[PDB]
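Here it is, the structure, as structure tokens.
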Amino acid sequence: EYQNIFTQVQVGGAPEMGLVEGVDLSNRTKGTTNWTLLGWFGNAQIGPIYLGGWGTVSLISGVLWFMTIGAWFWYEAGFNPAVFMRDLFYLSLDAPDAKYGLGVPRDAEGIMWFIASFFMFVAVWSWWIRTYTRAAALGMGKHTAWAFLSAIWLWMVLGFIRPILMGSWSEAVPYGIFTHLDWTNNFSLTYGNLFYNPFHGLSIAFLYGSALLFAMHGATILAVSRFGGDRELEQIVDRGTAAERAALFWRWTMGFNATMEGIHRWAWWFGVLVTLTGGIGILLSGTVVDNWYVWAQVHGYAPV
Amino acid sequence: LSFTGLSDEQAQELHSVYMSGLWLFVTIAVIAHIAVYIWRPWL
Amino acid sequence: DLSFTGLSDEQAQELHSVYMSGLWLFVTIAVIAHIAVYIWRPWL
Amino acid sequence: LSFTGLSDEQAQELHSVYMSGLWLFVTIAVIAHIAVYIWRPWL
Amino acid sequence: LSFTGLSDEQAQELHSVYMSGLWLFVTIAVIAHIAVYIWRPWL
Amino acid sequence: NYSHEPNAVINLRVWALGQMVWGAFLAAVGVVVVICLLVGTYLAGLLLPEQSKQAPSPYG
Amino acid sequence: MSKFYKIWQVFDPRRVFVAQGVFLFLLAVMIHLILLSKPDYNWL
Amino acid sequence: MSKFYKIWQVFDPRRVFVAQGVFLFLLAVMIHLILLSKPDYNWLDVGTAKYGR
Amino acid sequence: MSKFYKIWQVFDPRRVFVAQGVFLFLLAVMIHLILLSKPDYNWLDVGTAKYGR
Amino acid sequence: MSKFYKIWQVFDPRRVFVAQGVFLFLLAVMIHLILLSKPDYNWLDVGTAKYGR
Amino acid sequence: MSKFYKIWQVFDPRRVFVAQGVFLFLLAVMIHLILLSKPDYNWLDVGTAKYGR
Amino acid sequence: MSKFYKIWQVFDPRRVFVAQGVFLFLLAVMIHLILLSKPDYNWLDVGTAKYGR
Amino acid sequence: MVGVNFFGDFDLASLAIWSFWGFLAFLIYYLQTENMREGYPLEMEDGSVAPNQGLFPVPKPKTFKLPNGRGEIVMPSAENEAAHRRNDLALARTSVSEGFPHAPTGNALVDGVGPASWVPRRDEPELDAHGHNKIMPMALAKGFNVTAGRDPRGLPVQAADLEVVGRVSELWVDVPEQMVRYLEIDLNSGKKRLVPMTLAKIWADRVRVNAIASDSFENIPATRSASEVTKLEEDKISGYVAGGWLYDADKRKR
Amino acid sequence: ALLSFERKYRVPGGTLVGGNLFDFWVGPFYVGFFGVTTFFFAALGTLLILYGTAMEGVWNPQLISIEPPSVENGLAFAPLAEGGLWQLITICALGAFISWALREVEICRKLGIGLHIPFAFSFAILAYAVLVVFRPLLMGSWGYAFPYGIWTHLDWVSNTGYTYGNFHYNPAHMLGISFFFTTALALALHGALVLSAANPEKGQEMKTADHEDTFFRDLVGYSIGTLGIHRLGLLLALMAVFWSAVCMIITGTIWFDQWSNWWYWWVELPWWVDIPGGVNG
């Protein structure tokens, strides 16, 4: 009747600084912290981070990005702090005017957008390389980078590629909290009803499937945590009744099952296919299809 | 054969009582069906 | 000889006879009701 | 050779019985498709 | 050699029966294609 | 001493009736809970403004 | 037709009786709610 | 046809009977609803009109 | 055509039986529904029309 | 052409049987459907046209 | 050209035959459909016209 | 150039061969379709015109 | 590339969606084959090998090279399944047909069947990267102190029959993870026995174990070492305890 | 039909209702009382979908659509050809889902594992119900629910969302979105991490939990732990669906206008309203 959601008893010790497997220890920090508010739901150690080159690139570029957008927010607000904290959500570093096409915008808002985007480019790619390297230094696999690359694919398709194919940086997303929502709506409305973008439907299928799957996996692993199912790496190699019971639950339930490694394989795909299908479905919007409801009618999933 | 642990005698008894109740049920139900045909016919 | 269930031809013939009794009863009822529904409202 | 544990004789018997059932199925189906073709041809 | 551990004789046998079934299939299909062609050709 | 039925058939009959009625009571409990659920829902809906029952249809 | 008592050798009768109680009560409510829906057959 | 009884040398009565009950009841309900779907063959509304109720 | 029974030296009759049972039932249901959606073979609407109801 | 009985020394009869059965069935269905979707090969529409129904 | 039996020493013939089978079926379907599209090679429309059906 | 054979010391043959098959198929399927798109190169429409059908 | 159909209505969009269907098919193949590394070949109830081995074939073996010189593990393999294979099973067929249960012949919590089942993991403990044991009692774990929560040590252990059996003594911890896995009991019978923390609910005045009753706390498997615990002993213990949610329910009160 | 370890778990027990009656397996599947119920309900709903599209004459699986009664029908039962089919299918679907959950329960207690999974599923049933049962009742009519068509419940979504302008401005919707995105994110990260440990660079030994914790501490300065990530993704999904149910039950019952006008309470606070600057001045 203990469901293992919140940890009852906390323990700790000298911080677990790390594992030296080819990591540069000098680029690592040495200060840790304990914060029990988390210990209740997870580890409490806000442990040492790695301060590297790619990380510095990312931090610098992305902070310039952030503060650039904040600068334009101020200018757009009359420098009145109360306007800033009033219209904070309604403000925007809107995207260049279509007149400029793909040329360097000849306005302030536009070039600020362009520069902030350059910074984001640098930051994201630096962080991807940082994932690759941190997994190469500890001697692990690069699955995390190839998953992130999926996210990068969508993000690029939206900021860089799709517009280049359409010939306008106007197509790209504004940097605001409500304006990028408005952008999504206007994108759907301009191009038919995006629902009828089969790849949109697939990305949705995989988002819902990711939630489905993580609830399944998590509830299972907490159910078999009384047999140490939380320790998975050791149930792939030294199988125990945790894995057997989980597999047999799902077998007796739906007729098929997985293994303590293959469920992880299933997760890595439902995740990345959310942004692989999205990128394609966004590329094809306006370059291959100016309206999706009619494509549906013609293709048979929508009625005449 | 006896999958459930019962013998032909016990099963005969149990079936007798079950079908007693069954014929009671059908009697009551045909009565009520008749009365309803009286009230709101359907054929 | 072959029995994935344990029943030998004897128990099998017994069980089958009773099952077919029940089946023919079911079918008699259904035939009666179909004839009736034909009288009241034919469907061919 | 037997992937299921049968011998040729058990198989032959099972097959005679399966064939009986199949021919009965086909027989009723033929009767019915005939009655249909007499009642509302589709060709 | 065998990737499944069958001997040439069991295999020759299996293939005989498989080919027989296949040829029965094709024969019925040909009957049907002929009927169809007589009733409503397509070429 | 009381509660003692000499007859075998009467003992079997009162047992089977108990079993059947137990099941029917379970079913009634379930039906009643569903009913209370939906009806309380409708009622709480009667507490809502009139614009709730005015809303346009999505045609579907 | 006379060897039907052999069903109680197949299924535990306790559970079967509870299940029949459920099934019949639910069927009753089903039809009553079917009839209640129709103004011609509603009585309230 | 003489030897159909061997079916119970293949299947067990319990699972077979569960299957049979489920399938037959399902089929019955299905066909009754099929009929009730037609403004005809709907015994209820038919009787309602016949008796002018 | 003389050694088909050898199929049961390959497949297990339990599975085969259940499979073909499901297969036939669904096939029949689909064909029936097909006709039922074609109003020239909808025996119900026909019998309505032929008998003037 | 004479040695083709060795595809049974390479494959397993069970999987091939089930797979090719699925294949044949789904093929038959796709083809019947392609016909039905064309008014000149729909035996049903053609019949109701030919018999003046 | 004669040594091409050595590709069976790099590839599992099972994998390869399955993959070839799939590739072949899919290619064929794809092509037959590219034909059914063009009104000039849809042998069914062609027959309808030729035979005045 | 005759010492290019060391490529089989660097790369695995199986991986290379599989990648090669997929690469070539996709390229070819693509090229044929790009050609198909333009009417001047759609050999089928061309034929429909050469033979006046 | 708008309104550009290669043939029929087929444009880049159609080509892409179809290519995706194909890739997806291959992917389902891949995943449902990689989910076969454990459990296959399929068995009957007799322990034999059955004809239906699935429509997806078991894949080709890979290799896991373990840390701390524990060797190479090959999945799928015969060694892998035969090690984790249980024998001398106290079970009785309920019917000659398949698809019906198999009853426990004796005491199941002991006989290791059902929810109380265990698996022969290797009687070597679980290790961290450094090769030190993962589970240490909090007293050998240098530096380990309770940083929060209710310190259970010394609290009585109430059981499913509401009766009391002993007092907690020590906490067994996952040092690399910094969390409490097992807790130890100083039982009335003079014995020490472990119980998983996930099966024990720390109250303010006590520790409640609604899984099992009191008769069971004594027959719990023990540890050949009081400073370490192996994966095998862990599975035995955990199965025994978890089986009480079914096999000691006639005793559970409240 | 069995795995090499499926036997010692195939023991009797763990049944909420029923007993020996229905304690058996059909192939891989366990079928208790509730297995029978879910099969019956599912099959019936499926066949009714097919008959509904048969009556319509539609046979394309993407264009098949069984729609709810009109809004004018109100909360009464309708003819099968005008909503009764949708309603029966809804009944059967709900019975099927609840029975699936209870089957999961029976199995969880036969295999002696916790009941987290049926709990998780309960939220999804709750949301489906919010859509087809509750929200209507409170809105006065079954016709406000969604249809059973692959590409038509999307039209219901669109029209229902454009009734209140850009639904994006619903805050509970915002939270649903956010939790869904974070769920997919954490799922990918978990899978990638584990696979990267088990399947490392060539010529290297398998890794352990310590390496995962260290890699993510290196990356972002915090690691949640092997148990915490499961806890987390579970809670993320649940709160997402919680917020998603909350977003819909308040859409046409407590709210009635465009959702944008909600955030204007922050603008219209007297001490920054009149200020002439920014977007709202």
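Letters A, B, C, D, E, F, G, H, I, J, K, L, M and N mark the chains as written, and numbering starts fresh at 1 in each.
In this section, a residue touches a chain if its C-beta (ideal position, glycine included) is under 8 Å from a C-beta of that chain, and two chains touch if they have at least 3 such contacts.
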Shortest chain-hopping distance from chain F out to chain J: 3
Distance in touch steps, counted as few as possible, from chain B out to chain K: 3
Contact-pair overlap exceeding half with B-H, pair selected from E-I, E-K or D-I: E-K
Busiest interface, counted in C-beta pairs: A-N
Chain occupying the middle, per Cα centroid: N
Length of the line joining the C-alpha centres of chain A and chain B, rounded to whole Å: 64
Separation of chain A from chain K, taking each centre as the mean of its C-alpha atoms, in whole Å: 41
Centroid spacing, where centroids are CA-atom means, of chain C and chain F in whole angstrom: 36
Interchain centroid distance [CA atoms averaged], chain D/chain E, Å: 19
Touching two or more other chains - residues of chain D: 1, 3-4, 6, 10, 13-14, 40, 42-43
Sites on chain L at which at least two other chains make contact: none
Junction residues of chain M, two or more chains touched: 4, 7, 9, 39, 50-52, 64, 66, 84, 95, 97-100, 117, 119, 129, 176-177, 179, 239, 242
Residue numbers on chain J that touch chain I, as the complex places them: 13-14, 17, 44-45, 47-48, 53
Touch list for chain L against partner chain M, complex: 33, 36-37
Residue numbers on chain N that touch chain M, as the complex places them: 1-14, 23-27, 109-113, 198, 204-211, 213, 225-227
Residue ranges of chain B in contact with chain G within the complex: 1-4, 6, 8, 10-12, 14-15, 18, 40
Contact set on chain A toward chain M in their complex: 1-2, 4, 7-14, 16, 19, 34, 36, 39, 43-45, 198-199, 202, 225-228, 231, 234, 236-241, 243-244, 247, 256-263, 265-266, 269, 277, 280, 284, 287-290, 295, 298-299
